[PDB]
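Undergrad: below is the structure, and that's it, no one-letter string:
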Ligand SMILES: NC(=O)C1=CN([C@@H]2O[C@H](COP(=O)(O)OP(=O)(O)OC[C@H]3O[C@@H](n4cnc5c(N)ncnc54)[C@H](OP(=O)(O)O)[C@@H]3O)[C@@H](O)[C@H]2O)C=CC1
Ligand SMILES: [Zn+2]
């Protein structure tokens, strides 16, 4: 029911990961300040479709497939999971 | 839990299961199969024996290098029991004979010895002690054997609490004394029965199902103070059971009435033979005792063994009683017996 | 791709051979049980024949199926004649091995197997 | 007490300081009734109603893939970045370093040989401590 | 030089014995655990330490080809006594 | 003639290995590491293929090490990684590959031992 | 002079080398890589489809009367995609020479039989099948010759464990010899004996 921790996957140089990587350098700083006790376990792999895994109260994981989503498009996608 | 006893391997020979066992009836008929299922997996079975070293020869199979240790003992003589039940973890007492000898009564084979094994095991420090009685082991009984086992069952438990009292029905098998008995009545032109066999119900059980039950009784954490009754399915009627034995053993079937008073005295005559008698007054009564229902006891299903029907595993033992012109017949041509819930 | 054939133009043609070999076994179970004194009944013998086929029903390579059929005929030849005795025929039924469990918890209790 | 298996007794994925995931491989089966570390939690789940999904080891590696892709990549190092963002969030806090000299616990070689349960239990490592101090 | 363990069992020259509670002791019931009573630690110590003139002395089993490979010991140490590696003999000088 | 077959080559049923050693078993394709005690590199150059180790226990009688699996002792040598992979997939075993670890060429000069201003100066000989 | 090194009769190297070429250009459709070893023995590698023409030729031809089939072996090499390298050793009794003929195979690529040409192959011809699983076309009987009647395996394949997958023992529960998975009492001790030094520089394989 209540969000416990988010985690995001993305590549280094893959063009598909663009937008996730543009997201961090603009909106990551603001969010963590807004939610000090919400671990956003961002992890950076080599080749992987970007994902936004979310963890909830009991055993429950909802995930998206935010591949080739613009930087602003990620902002709404994750803001959806927060609310 | 000594590190040696800890189980190991995938289960089989050359393995360890921590079931160091002293079987006191290995030389017999049920003991052969109990040792096999202990030795098939990894178990060091100590086999006390008094017979010839030749009669125990067939038991040197069914066990890896040094998984068997043969020791001598005399039931009357104390201090040979303790020497055998000392290091064991489970003691399986299968001692039992169906007739009196010059030295041993039924009291001295069903009551005294189990007490000596039981007392010598509790002091020794065994964890379990599996005992075998008969299902019809009521004190209010007619057979001399069944009544003695009733006292032995109570006396074993009093000395050694938390014993496992196994109560099989009449066990049938290859070298048995149930199907090999009725099938041997052909040597007389007919098969005498009491009341043509009606009013008597038998619930035979296969040996492997019994031995599987005994072997799993030394593993399952529960069943440490319980009393089982390995009956098996398909309660046949003695007339229908014997008629079926001759159905597989394509010989004949000429049952006729016979009072139990004459059919016991004739049986008492065969009991005079110095050798293994063919029949005895006590075996006449056991064959003609209705088997109680298993309702108020756990049984095989509550222990992890599937009872095996008689029709499936009857040709294995009754083939040797067939003659040429009937040796190659199969299970299909027998019209199996009819079960009765009476 | 581009592999020479062996007694099979395509899978359907090789399925006919398997169906030909099955008809050879189903007609044979009732003769072995009697010719050599087996303790099984014919009804359950044919079940094992069918079971040994479903063990290999997931294969789709035409070449593999032909080799499976070739071996089966050899297995049948050794049984049509009594070259393989009661010891060998009853080896398929696995009447002694303990049924290996499937539940993970049962595997965890005994042994280190996965 | 639920006995597990040591690092020489089970296939496990350890990540080192560089972030380079590496795989142990079984050399000796664990002694006695000890079982693999991850098997106990899976078995412990099934007794309760938690019923953890994955059954065998290869499925647990699939689970590690979802939680963190880098773990399953063996002998591969991820060119991590984004240290700027961590530094910017670091400067926000208003804590002051204590006015006390910092001294590592390991100042002399005698403290090297006893630092873990495995080394502590060993008798060779205990010989070295006896030799060094003496 | 055989010593009996508290359980009454005989300890071999390798120091082995089965505990009182070990089930593997059954094999010795009605039989015996043969142990060689001529230990090797004790017998080699009862030999006298040989004294030689050189600082490097050879050692072989004694018969030449019937002994052990030709080795050379260094006898400069005075606190200890040089020991042949194959046979447990000892050498000193002076 | 020829046939069309796009399905991956698969001969698990022909070799007749029991199913208990097909799915569960794991295969390791690697180039064995040089025994660091020796400085020769002949043990390498050949891709090997072991199997996942299984339980070994002391025999209750002699203390010998007894096993319950037949594949433990088997090691197969291959010329190149690609050939080993085909064998693993062809027989249906699961496989994992550890990439070759060849030493990086190093610049050893006897003259660096005796340098006028660098720190490479060896203090002995 | 050199009592250790074997005497080298180089005459029989020239004779074999001349004959290998003679066979090479008199049967080009199949012949591949004829070679002669130090030990003066010829070796002809044949495309598998040419086994009958090559073996029939080398028997009937007047200048090559190889009528005796010494043996028909098979070498398993998992490295190469065509594993099984069937070998034919032949003998003449006329020219007093031995010639080896080699072809490749695979567990899904059978080879034509030779019992038509050399009846000696018949039993050797099954032995390969029983031990390597190399099916052979046009053979009359073709059944296992060596292994038990119930091996679902091919023992000489390098992927077959030495101890095997099954052991036989006697059981009283069923009163017949039964088969159970193998559990050795003492595991076979594989000795890693290979030395890490180039014993033979003449066979170096550059990277
Ligand atoms: N129908 C059945 O078979 C039934 C069997 N049971 C129980 O099963 C157990 C064994 O069945 P089964 O084996 O068929 O009977 P057996 O007579 O075949 O087994 C006899 C065993 O007991 C030993 N034994 C008998 N008397 C003595 C004695 N006085 N001193 C020492 N050892 C002795 C025998 O040793 P030796 O070989 O030297 O005689 C042999 O090992 C018995 O306890 C019996 O009550 C229960 C119900 C019915
Ligand atoms: Zn010496």
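TA: Nice, thanks for sending it over. Residues are numbered from 1 along each chain as shown, chains lettered A, B, ... in the order given. Ligands and ions are numbered 1, 2, ... in the order given.

Undergrad: contacts for stretch A:24-39?
TA: Where contact means Cβ atoms under 8 Å, 6 or more residues apart in numbering or on different chains, the residues beyond stretch A:24-39 that reach it are A:3, A:5-7, A:40, A:42, A:71, A:75, A:82, D:82, D:84-85, D:88-89, D:92. For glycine as for every other residue, the C-beta is placed from the backbone atoms N, C-alpha and C.

Undergrad: do that again at 10 Å, thanks
TA: A:3-8, A:10, A:23, A:40, A:42, A:44, A:55, A:71-72, A:74-75, A:78-79, A:82, D:81-82, D:84-86, D:88-89, D:92 (Cβ atoms under 10 Å, 6 or more residues apart in numbering or on different chains).

Undergrad: now swap in stretch A:54-61 and tell me
TA: Stretch A:54-61 is contacted from outside by A:1-8, A:39, A:41, A:53, A:62-64, A:78, A:80-82, D:50-53, D:66-67, using Cβ under 10 Å, 6+ apart.

Undergrad: in helices, which of those residues appear?
TA: Mapping those onto helices (DSSP state H) picks out A:78, A:80, A:81, A:82, D:66, D:67.

Undergrad: ok, which pair from the residues you listed is furthest apart?
TA: With Cβ to Cβ as the measure, no two of those lie farther apart than A:80 and D:67, at 21.7 Å.

Undergrad: not including adjacent chain positions, what is the nearest residue to the residue nearest the centre of chain F?
TA: Nearest to the mean C-alpha position of chain F, by Cα atoms, centre = their mean, lies residue F:30 at 2.9 Å. Nearest non-adjacent residue to residue F:30, counting by Cβ to Cβ, 6 or more residues apart in numbering or on different chains: residue F:98, 4.4 Å away.

Undergrad: check contacts around that neighbour.
TA: By Cβ under 10 Å, 6+ apart, residue F:98 lies in contact with D:23, D:25, D:74, D:75, F:28, F:29, F:30, F:31, F:33, F:47, F:81.

Undergrad: the last one: neighbouring residues, count only.
TA: Each residue near residue F:81 was counted by other Cβ atoms under 10 Å in any protein chain shown, and the total is 16.

Undergrad: phi and psi next, for it.
TA: phi -60, psi -40 (degrees, to the nearest 10).

Undergrad: skipping adjacent residues, who's closest to it in space?
TA: Nearest residue to residue F:81, sequence neighbours excluded (Cβ to Cβ, 6+ apart): residue F:47, at 5.6 Å.

Undergrad: next: the second one.
TA: Using Cβ to Cβ, 6+ apart and skipping the chain neighbours, the partner closest in space to residue D:25 is residue D:11 (5.6 Å).

Undergrad: derive a PyMOL selection command for the buried subset of the contacts of stretch A:24-39.
TA: Buried subset of these, written as a PyMOL selection, criterion 16 or more other Cβ atoms under 10 Å in any protein chain shown:
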select buried, chain A and resi 6+7+8+10+23+42+44+55+71+74+75+78
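
Undergrad: for ligand 1, see how far away the residue nearest to residue F:81 is.
TA: For residue F:47, the distance to ligand 1 (Cβ to the nearest ligand atom, to the nearest Å) stands at 60 Å.

Undergrad: for that residue, give me its contacts.
TA: Going by Cβ under 10 Å, 6+ apart, residue F:47 touches F:29-32, F:76-85, F:97-98, F:100, G:79.

Undergrad: so for residue A:80 and residue D:67, which sits in the more crowded spot?
TA: The residue with more neighbours, out of residue A:80 and residue D:67, is residue D:67; 16 against 11, by other Cβ under 10 Å.

Undergrad: tell me the contacts of the more buried one?
TA: By Cβ under 10 Å, 6+ apart, residue D:67 lies in contact with A:7, A:9, A:41, A:43, A:53, A:55, A:61.

Undergrad: can I get the contacts of residue F:98 in a markdown table with secondary structure and distance to residue F:54?
TA: Formatted as a markdown table, the contacts of residue F:98 follow (DSSP: H, G, I helix; E, B strand; the rest coil; distance: Cβ to Cβ, whole Å):
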| residue | secondary structure | distance to residue F:54 |
| --- | --- | --- |
| D:23 | strand | 17 |
| D:25 | coil | 12 |
| D:74 | coil | 22 |
| D:75 | coil | 25 |
| F:28 | strand | 13 |
| F:29 | strand | 18 |
| F:30 | strand | 18 |
| F:31 | coil | 23 |
| F:33 | coil | 22 |
| F:47 | strand | 22 |
| F:81 | helix | 25 |
